[PDB]
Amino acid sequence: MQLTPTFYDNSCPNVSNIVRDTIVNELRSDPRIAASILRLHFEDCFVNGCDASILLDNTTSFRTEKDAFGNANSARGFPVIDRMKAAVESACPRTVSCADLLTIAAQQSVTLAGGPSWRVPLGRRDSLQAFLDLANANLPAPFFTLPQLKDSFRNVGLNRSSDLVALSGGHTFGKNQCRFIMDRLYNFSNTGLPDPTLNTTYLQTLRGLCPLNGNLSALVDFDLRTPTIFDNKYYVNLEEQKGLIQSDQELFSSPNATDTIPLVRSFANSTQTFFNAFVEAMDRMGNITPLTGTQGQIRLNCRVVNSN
């Protein structure tokens, strides 16, 4: 069955607004919630498709993807998802899936943060289990080379250059832990020297935030220009060698960036072009092997599988 943005138009016409209201309220106390939620959707989609598998807690028949490298002590916003689900279950009992709810949340988070607005295709259902081993192998790492980032995306069906470059724009807001850039700052690639593609003046600033013996969990803004605004500032930074993580700067400085550089240049000088590409990439990502029809279920509680 094909996903459609009109899926809940009759069964729960107000799910969108309920989701938005929840985020709007949380934003007051947590300015970063919008970035965390968009990332939860991405982490979900890349492991067995967008089926809300990342939301499941540990059970005795399978381990949680929340423990996966990249997710453990990194992913967040779960109790917020719990709140959205409860509000929606009240208005529309057993109607909206966690997988679809997380998809709308990601979209509203982008819009609320100043990004484009669009109706995401819906109709996805929830998985009956989590896949930790798959997560540990399918999620791209910050130390990946351009070709490795490409293999990683092609692996789940996103075999276009615009997919990698456009979705990477998700790093236009949010934070990153010092621990993930330490090598770029003090000993890159076992050379005892910092990454040569890192702006030297910016390297000073970064070394100040992430001292060699400091707190590895200290957070740093992904986008030094507009840290919380969803815009194309992320691509401008790359052009100045100010991409925060290796996988970031590689889109512009890697010797394999022949096909990505033109897209960086383009997105950096046109918000409309970037937003179009982002919406198109997002919908494509939201379409990775989804459960539909009778497959999977509609979780009452996103943290656990329905007993029946």
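Residues carry their position along the shown sequence, with the first being 1.
J.: Using the B-factors recorded in the PDB entry, average over the C-alpha atoms of 165-173 and of 91-99, then report which stretch comes out higher.
T.: Averaged over C-alpha atoms, the B-factors run higher in 91-99.
J.: Identify the stretch, either 281-289 or 18-26, whose C-alpha atoms have the larger mean B-factor according to the entry.
T.: According to the PDB entry, the answer is 18-26.
J.: So if I compare the CA B-factors in the entry for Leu122, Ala75, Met84, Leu198, which one is the largest?
T.: Spelled out: the listed residue with the top C-alpha B-factor is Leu198.
J.: Based on what the PDB entry reports, which of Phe153, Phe131, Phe222, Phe144 has the top C-alpha B-factor?
T.: Answer, based on the entry's C-alpha B-factors: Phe131.
J.: In terms of the CA temperature factor given in the entry, to which third of its chain does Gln241 belong: lowest, middle or highest?
T.: Its C-alpha B-factor, which the entry lists for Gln241, ranks in the middle third among residues of this chain.
J.: Relative to the other modelled residues in the chain, which third contains the C-alpha temperature factor of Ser266: lowest, middle or highest?
T.: Middle third - that is where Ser266 ends up once the chain's C-alpha B-factors are sorted.
J.: When the deposited Cα B-factors of this chain's modelled residues are ordered and cut into thirds, is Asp259 in the lowest, the middle or the highest one?
T.: Answer is highest: the recorded C-alpha B-factor places it there.
J.: How does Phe230 rank on Cα B-factor within its chain, lowest, middle or highest third?
T.: Its C-alpha B-factor belongs to the lowest third of this chain's values.
J.: Within this chain's modelled residues, let me know which third the CA B factor of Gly115 belongs to: lowest, middle or highest.
T.: It falls in the middle third of the chain.
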